[PDB]
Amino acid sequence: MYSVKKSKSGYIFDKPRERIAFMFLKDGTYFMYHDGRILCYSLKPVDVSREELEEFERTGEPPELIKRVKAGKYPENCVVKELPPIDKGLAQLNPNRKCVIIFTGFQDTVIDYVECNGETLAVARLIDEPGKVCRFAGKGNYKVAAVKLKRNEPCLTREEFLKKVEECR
């Protein structure tokens, strides 16, 4: 089942490794969709009515646009990107996956994260350049890993991060 977050700004339908977000901006409704492998979104508005979003929240069935996106039929001017694999360092822990994009000011970034002993272990990678990585272990939100990645701030080395994962297990 989707957990649904709703505001005058829009809708967010989340599952551990999936997000469908809708944003209401000046010129209409914008969407972003991602699962474990695919990230799809448009910088132009899409034909998604608020009635469809209400229906999604109340019944669980996605708008027709989302069904086509899930099936591989993508509308015009829709960015389509294949995601890197779930971070090997966190893979055994069954991590959550989320993507952050231009809508919140980021280059397309995928974050694999777990909450372990009240700390966050997150690995953020640039989707276009998967070598660019920030490994984060701390008390903040998983998004922090993306933020540091965006700001060129230093992050944990592979060794340090795997140490943290081990300590957590």
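One rule holds for the numbers: they count along the sequence shown, beginning at 1.
In this entry, the higher average B-factor at the C-alpha atoms falls on 148-156, of the pair 148-156 and 12-20. As the entry records it, the average C-alpha temperature factor is higher for 125-133, out of 105-113 and 125-133.
In the deposited coordinates, the residue among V48, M32, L43, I38 with the greatest CA B-factor is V48. In this PDB entry, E82 carries a Cα temperature factor that places it within the middle third of its chain's modelled residues.
Residue-level temperature factors show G89 in the middle third of its chain, judged at the C-alpha atom.
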